[PDB]
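Both blocks below hold the same protein chain, though in two forms, and each is given as structure tokens: structure 1 and structure 2.
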Structure 1
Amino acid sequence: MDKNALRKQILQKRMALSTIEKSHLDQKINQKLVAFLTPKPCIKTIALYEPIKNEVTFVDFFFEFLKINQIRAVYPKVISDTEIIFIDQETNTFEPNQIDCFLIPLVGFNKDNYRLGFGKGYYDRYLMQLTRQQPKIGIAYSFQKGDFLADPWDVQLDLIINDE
């Protein structure tokens, strides 16, 4: 349904979310997230993101679950307008394969688990460098589901953790 039309629609529905609901959906999601990792304590370095246009938020206790398990959290930083890189708190940059798992922010997703981002293409571009079959998990509210045809360059997400 044209990636652009489906963006404005979902993005707007997400911006109209009430604090209490958002809170109720982020809590649920962060919990499915903690229960998602524990059963495979192999992730030593994980890719997160800094919630922006009302995206799913990462809660305090989630950051604590990573703290007591010595898991490093690296975040995306746009270099120019070409590519993005991932760095940690001390600002050291970790190469693509130094990252064991990617928790990705998104606007929408279709039945084939393809992502719909801001339209820049940084993630599709980046996530092609992963040669370790690292998990590409999309984080999102259950209503971010959308019907759109994927382009040849679109990266397919392995799992889409949502409030369900």
Structure 2
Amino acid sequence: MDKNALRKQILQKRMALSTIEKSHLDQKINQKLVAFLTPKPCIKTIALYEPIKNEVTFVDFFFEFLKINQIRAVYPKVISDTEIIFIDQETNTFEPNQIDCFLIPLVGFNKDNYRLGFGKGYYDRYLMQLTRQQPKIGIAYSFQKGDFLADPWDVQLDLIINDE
């Protein structure tokens, strides 16, 4: 139940994914993501992330879903060694409670929806500012689920959308 154990097994499997395999996994995950948003009309501004090597990718039809329903996307901008903010494509900043939902990147998650991040703590600190009970949604591959004890500084996440 050690975090190091997981982090190692996951980074291993993520890099090993074949271009054909990743494609299929992301397609199914973005399909599930859209199925999740479709019935949540009050989501008009959503926080995404910039896909780093091996992370689940946001596919072309996902963004199409956003354009069609007029949902604005905001991205994370590291502001310091401990803080991050969200800005849109024009660099307009969006305050925490201007965002209606957060799609969160992760290395691992356990049975209690806890997140195993990249060790910086940005998300944990940022998410403390929410006052509208915005959904905190993890995006990941099924093999990213592991068994570890969560520290109070690990985000709890309402749900982790994955390929299953």
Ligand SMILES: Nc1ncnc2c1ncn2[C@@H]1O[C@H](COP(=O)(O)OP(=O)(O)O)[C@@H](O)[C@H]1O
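When a residue number appears, read it as a position in the sequence of structure 1, where counting begins at 1. We call the rigid core whatever largest set of C-alpha positions still superposes within 1.5 Å between the two forms.
Trainee: Does structure 1 or structure 2 depict the form deposited without the named molecule?
Mentor: Structure 2.
Trainee: Once you lay the two forms on top of each other by their rigid core, how far has the C-alpha of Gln9 moved between structures 1 and 2, in Å?
Mentor: Core-aligned C-alpha shift comes out at 2.2 Å.
Trainee: Once the two forms are fitted on their rigid core, how many angstrom does the CA of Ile79 move between structures 1 and 2?
Mentor: Looking at the C-alpha of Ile79 between structures 1 and 2, the offset is 0.5 Å.
Trainee: By how many angstrom does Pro41 shift at its CA between structures 1 and 2 when the core is held fixed?
Mentor: With the rigid core fitted, the alpha carbon of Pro41 is displaced 1.3 Å between structures 1 and 2.
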